[PDB]
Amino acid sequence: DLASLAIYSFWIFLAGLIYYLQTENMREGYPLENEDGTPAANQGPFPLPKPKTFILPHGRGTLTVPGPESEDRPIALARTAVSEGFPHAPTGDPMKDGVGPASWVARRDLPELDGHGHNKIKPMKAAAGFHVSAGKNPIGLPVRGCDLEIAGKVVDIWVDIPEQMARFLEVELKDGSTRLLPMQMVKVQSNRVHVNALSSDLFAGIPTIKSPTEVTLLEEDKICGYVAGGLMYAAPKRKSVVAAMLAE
């Protein structure tokens, strides 16, 4: 019978296709390691696939995945039980050390590039032709932390040119320095932008950019690591829902 044969060979196909797909999602993070870094004994029922190579545009080189793992930078974390399956507590400060929810990856310390080879993200001063086209504009607003203290003053929006959107806010601190805040982590209100993740004292510790008119991919990842890290770690300093409206 044709229908019976059709459904039979379908499941043979779907088994080969789940096999294919899952080996393909083993191209990063695998082989599995034990908590100490040596290769783990249970490697899983699927085989790592044969290398794929990506050609990266404008002299960035290539990517051959899977490869030897790109982790190298010291991890400031110590084991909390003799046995496998337990937390690794920060040896220092998680915010500084780049750990836990403040983790960052050693991405290429070069800006993300656009279709033409120019920087994707650029401050809006220098992003020729860009302006705020709709909604409340945050340039100039006081910036507040979760301790409900004024952390800074927005002095420009960092714009993604090819995709035309607000990537970061640039914030002048108490000392006339600047930092970048991820836009999708700030909240633009009418008389203020509220950064919940960071209480004001932690704003200075936001990893800095070395060149003042570009962000590198390593810097972004360090910035976004540290701002998200404040949700668990700046929690002692965060005033609740109650004090936020009391705040007015």
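A residue's number is simply how far along the shown sequence it sits, counting from 1. For the two forms, the rigid core is made up of the largest set of C-alpha atoms that agree within 1.5 Å on superposition.
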Greater root mean square CA deviation, 179-187 compared with 66-74 in 9 other deposited structures of this protein, core aligned
66-74
RMS over structures and residues, CA atoms, rigid core fit in 9 other deposited structures of this protein: 26-34 vs 202-210, larger is 26-34
Taking the deposited Cα B-factors and averaging over 41-49 and over 182-190, the higher mean is found in 41-49
Ranked by mean Cα B-factor in the entry, 76-84 and 114-122, top stretch is 76-84
In terms of its chain's C-alpha B-factors, the third that includes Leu32 is the highest
Using only modelled residues of the chain, where does the Cα B factor of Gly230 rank: lowest third, middle third or highest third?
lowest
Thinking about Cα B factors across the chain, which third does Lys136 belong to?
middle
Sorting the chain's modelled residues by C-alpha B-factor and splitting them into thirds places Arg108 in the middle
Is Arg167 in the lowest, middle or highest third of its chain when residues are ranked by C-alpha B-factor?
lowest
